[PDB]
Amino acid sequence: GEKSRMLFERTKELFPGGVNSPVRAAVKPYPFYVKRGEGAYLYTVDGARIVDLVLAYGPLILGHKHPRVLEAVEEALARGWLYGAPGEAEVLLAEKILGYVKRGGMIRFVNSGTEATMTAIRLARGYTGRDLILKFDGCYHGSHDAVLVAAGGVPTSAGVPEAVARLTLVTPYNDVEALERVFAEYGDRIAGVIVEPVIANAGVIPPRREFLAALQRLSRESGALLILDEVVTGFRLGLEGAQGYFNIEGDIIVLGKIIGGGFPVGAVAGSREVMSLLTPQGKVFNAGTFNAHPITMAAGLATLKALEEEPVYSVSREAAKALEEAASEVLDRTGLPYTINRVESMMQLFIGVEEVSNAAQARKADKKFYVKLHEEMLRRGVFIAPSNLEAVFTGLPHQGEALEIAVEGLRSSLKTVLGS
């Protein structure tokens, strides 16, 4: 790992914490640098092939450099990559996305999930004329002030004015009693309730039907808009995302990751009535030099076509199931308390706890055990998130030999850590 070591030294003084995104710094023993990626694999700068169970944290459900997407991007590149004026790809991608998540509605393309949720929140506030936003402990919506808050709302980040943080309410995920209580107290001032249909940033945590039911009922009865943050679930839990998977409906649907095919993206979709408030039609401001970036649009379009024509969902589901069954077989024999949460192709293991239905329980999981597992798996050529609070993602290339390596790696790594 000499080459990665050298790069590690160079970035120490170039980037805060040596990385451009926090999670990247936690890789053990130290972050490896990537030369390239193809299919189910990442290849380090030193030349090592690694099975990728991170998939850039969600966007790469088709694996690395998917042939169909590569070809579409090559064609798009030949046409120039930025215009500052409308292109064709954005129209086709919008029509395809809306047909699955909000028929007859509108969409606005942005450049990150952070920009997307931020825009959704401004839209909900503009539509209702209210200021408060309700989020849940453990849910992650990006790097912007309004969502960098925790229940005393107080800042979880330095540099966030307390005056801003106090406009965001926070209650526990899957806690119906707490949800009812917050609406009883502040309901008429809540502009929107934002939530991940399946938590992906506090490990993976599935929603309780009762929580989903309350979210829809309380939002509708209070006048608050239900903002489903589907940046991760969108197009991962089937073509119709969380709405179709759980049979729920959101007022505003925030999308990202997968819809950009691996390129910078974010999007806000909703009814014509709500979406029409966005500039230049309405007074809720949103603009972006890179909005509807030609390459992002071409990549996302090709990606969704693959999701419609290739067995991505079945393959990804089976891959996650195989990993879950393998880990469960080993862990069940130990008699140690543990739980694995899986929803289709997103999952995570929690050692030390028998149930994880909220962030508080996820935080009680054995972090040391997880870190050791991450390191041992990497030593065996399999890459899983370095943080127990991140998720494990599967995709199209996780089949055949690649899957065999991942499963065998997981089995052996668990045994090694359990034997230490």
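Counting begins at 1, following the sequence as shown.
Coordinates are given for every residue of the deposited sequence from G159 through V160, so that no gap is recorded there.
Taking the mean C-alpha B-factor of each stretch as recorded, 364-372 and 55-63 are not equal, and the higher mean is that of 364-372. Of the two stretches examined, 337-345 and 226-234, the record assigns the greater average C-alpha temperature factor to 337-345. Set against one another, the Cα B-factors of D188, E196, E177, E115 in the record reach their highest point at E177.
In the deposited coordinates, the residue among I259, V147, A326, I205 with the greatest CA B-factor is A326.
Split the chain's modelled residues into thirds by C-alpha temperature factor. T289 is in the lowest one. The entry lists a Cα temperature factor for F393 that places it in the middle third of the chain's modelled residues.
In this PDB entry, the Cα temperature factor of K102 sits in the top third of its chain's modelled residues, the highest group. Per the deposited record, the Cα B-factor of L14 falls in the highest third when ranked against the other modelled residues of its chain. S276: CA B factor in the middle third of modelled residues in this chain (values from the PDB entry).
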